file protein36.pdb (PDB, C-alpha atoms)
ATOM      1  CA  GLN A   1     102.956  93.808  83.619  1.00  0.00           C
ATOM      2  CA  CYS A   2     105.341  91.101  84.947  1.00  0.00           C
ATOM      3  CA  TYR A   3     106.573  91.697  88.546  1.00  0.00           C
ATOM      4  CA  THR A   4     109.525  89.873  90.205  1.00  0.00           C
ATOM      5  CA  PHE A   5     109.646  89.468  94.057  1.00  0.00           C
ATOM      6  CA  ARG A   6     111.445  86.895  96.303  1.00  0.00           C
ATOM      7  CA  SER A   7     110.042  85.841  99.725  1.00  0.00           C
ATOM      8  CA  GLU A   8     112.667  85.289 102.482  1.00  0.00           C
ATOM      9  CA  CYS A   9     110.200  82.844 104.151  1.00  0.00           C
ATOM     10  CA  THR A  10     110.683  80.179 101.364  1.00  0.00           C
ATOM     11  CA  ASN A  11     113.888  81.351  99.504  1.00  0.00           C
ATOM     12  CA  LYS A  12     111.924  81.138  96.173  1.00  0.00           C
ATOM     13  CA  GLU A  13     111.685  84.008  93.622  1.00  0.00           C
ATOM     14  CA  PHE A  14     108.258  84.677  92.001  1.00  0.00           C
ATOM     15  CA  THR A  15     107.297  86.521  88.768  1.00  0.00           C
ATOM     16  CA  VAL A  16     103.618  87.458  88.224  1.00  0.00           C
ATOM     17  CA  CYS A  17     102.429  88.555  84.724  1.00  0.00           C
ATOM     18  CA  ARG A  18      98.944  90.207  84.974  1.00  0.00           C
ATOM     19  CA  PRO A  19      97.246  92.607  82.345  1.00  0.00           C
ATOM     20  CA  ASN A  20      96.429  95.041  85.240  1.00  0.00           C
ATOM     21  CA  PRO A  21      98.810  96.531  87.927  1.00  0.00           C
ATOM     22  CA  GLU A  22      95.530  96.391  89.964  1.00  0.00           C
ATOM     23  CA  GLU A  23      95.832  92.581  89.826  1.00  0.00           C
ATOM     24  CA  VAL A  24      99.659  92.534  90.380  1.00  0.00           C
ATOM     25  CA  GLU A  25      99.494  94.395  93.793  1.00  0.00           C
ATOM     26  CA  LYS A  26      97.155  91.614  95.133  1.00  0.00           C
ATOM     27  CA  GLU A  27      99.382  88.816  93.710  1.00  0.00           C
ATOM     28  CA  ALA A  28     102.454  90.634  95.160  1.00  0.00           C
ATOM     29  CA  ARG A  29     101.295  90.826  98.821  1.00  0.00           C
ATOM     30  CA  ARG A  30      99.243  87.561  98.943  1.00  0.00           C
ATOM     31  CA  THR A  31     102.205  85.393  97.752  1.00  0.00           C
ATOM     32  CA  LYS A  32     104.761  86.986 100.169  1.00  0.00           C
ATOM     33  CA  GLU A  33     102.294  86.762 103.151  1.00  0.00           C
ATOM     34  CA  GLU A  34     101.333  83.127 102.351  1.00  0.00           C
ATOM     35  CA  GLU A  35     105.057  82.204 102.391  1.00  0.00           C
ATOM     36  CA  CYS A  36     105.491  83.999 105.792  1.00  0.00           C
ATOM     37  CA  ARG A  37     102.313  82.213 107.107  1.00  0.00           C
ATOM     38  CA  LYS A  38     101.032  79.265 104.952  1.00  0.00           C
TER      39      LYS A  38
END
call {"tool": "encode", "arguments": {"input": "protein36.pdb", "output": "structure tokens"}}
result
Amino acid sequence: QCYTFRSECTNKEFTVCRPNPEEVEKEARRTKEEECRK
């Protein structure tokens, strides 16, 4: 399951391809937070 999401805090668009949606939900929040924090 590939998942596209763009963080406002960097202006970059991310696409995360993980075999589990269980993995994707982590990769989804952690990226967006790390851009709005770092």
call {"tool": "closest_residue", "arguments": {"input": "protein36.pdb", "among": "A:18, A:26, A:32, A:37", "to": "residue 6 (chain A)", "atoms": "only C-alpha atoms"}}
result
A:32
call {"tool": "residues_around", "arguments": {"input": "protein36.pdb", "residues": "residue 1 (chain A)", "least_positions_apart": "2", "cutoff": "7 Å", "atoms": "only C-alpha atoms", "output": "list in words"}}
result
residues 3, 17, 18, 19, 20 and 21 of chain A
call {"tool": "write_last_selection", "arguments": {"input": "protein36.pdb", "atoms": "C-alpha atoms", "output": "compact mmCIF listing (two decimals), in the coordinates of the input"}}
result
# COMPACT_ATOMS: atom_id res chain seq x y z
CA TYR A 3 106.57 91.70 88.55
CA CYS A 17 102.43 88.56 84.72
CA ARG A 18 98.94 90.21 84.97
CA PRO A 19 97.25 92.61 82.34
CA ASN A 20 96.43 95.04 85.24
CA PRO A 21 98.81 96.53 87.93
call {"tool": "residues_around", "arguments": {"input": "protein36.pdb", "residues": "residue 5 (chain A)", "least_positions_apart": "5", "cutoff": "9 Å", "atoms": "all atoms listed in the file", "output": "MDAnalysis selection string"}}
result
chainID A and resid 12:16 28 32
call {"tool": "atom_distance", "arguments": {"input": "protein36.pdb", "atom1": "CA of residue 35 (chain A)", "atom2": "CA of residue 11 (chain A)"}}
result
9.3 Å
